[PDB]
């Protein structure tokens, strides 16, 4: 898509490369409650961690966006130390007033279920959540599915998953979606996630979703 160079994308590779006791501290959810600052994240049965999958996949997304002239910033800068709380990741995104926010995750579900789901804030708390973020979720879902990655068989509908319990989505004031790429407990998704080429496969599809949404906003 044209007229996307110079637009701003905030990238959030879920979880931290290391955790301490401060991840249990309570932070606001955006709907009047609190939850833990951070969670360790899930892992494959044999211990490949979500935080490394999201980190490396996000680096691949960033490189492709840079090649398109798209500005990026990331919520964390390594995969071996503490990272920001879930409310802080939303605050970092909001401080940038970006055109798009993508948080990248991997899920833990029943081992026979595989595929992606795209989460978005619902019920919406502001205009970005009510309109553009819903459109972004659909474009992202379409591009993941067009890439041959099946929509999740075990949660959501057709790969879309309206959610009220994600602090980073609730607190965003700019277009924002969270991509659960697959189920780390499933043999196919875990094998893809453990491979550099599989992580590139997820990244390429996410980039198509981002670029398609950015182009639609122009």
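Residue numbers count along the first chain shown, from 1.
Peer 1: Quick check on the record: does 147 to 155 or 166 to 174 carry the larger mean Cα temperature factor?
Peer 2: Averaging CA B-factors over each stretch, the winner is 147 to 155.
Peer 1: Per the record, averaged over C-alpha atoms, which has the higher B-factor: 113 to 121 or 79 to 87?
Peer 2: If you average the C-alpha B-factors of 79 to 87 and of 113 to 121, the larger mean comes out for 79 to 87.
Peer 1: Highest Cα B-factor in the PDB entry belongs to which of 161, 44, 34, 54?
Peer 2: Within the set 161, 44, 34, 54, 34 shows the top C-alpha B-factor.
Peer 1: Can you tell me which third, lowest, middle or highest, the CA B-factor of residue 183 falls into for its chain?
Peer 2: Its C-alpha B-factor belongs to the lowest third of this chain's values.
Peer 1: Can you work out whether the C-alpha temperature factor of residue 131 puts it in the lowest, middle or highest third of the chain?
Peer 2: Middle third of the chain for residue 131's C-alpha B-factor.
Peer 1: Please place residue 196 in the lowest, middle or highest third of its chain according to the CA B-factor in the PDB entry.
Peer 2: Its C-alpha B-factor, which the entry lists for residue 196, ranks in the highest third among residues of this chain.
Peer 1: Grab the CA temperature factor for residue 12 from the record and place it in the lowest, middle or highest third of its chain.
Peer 2: As the PDB entry reports it, the C-alpha B-factor of residue 12 lands in the lowest third of its chain.
Peer 1: Would you check the entry's CA temperature factor for residue 65 and let me know if it's in the chain's lowest, middle or highest third?
Peer 2: Middle third, going by the recorded CA B-factors of the chain.
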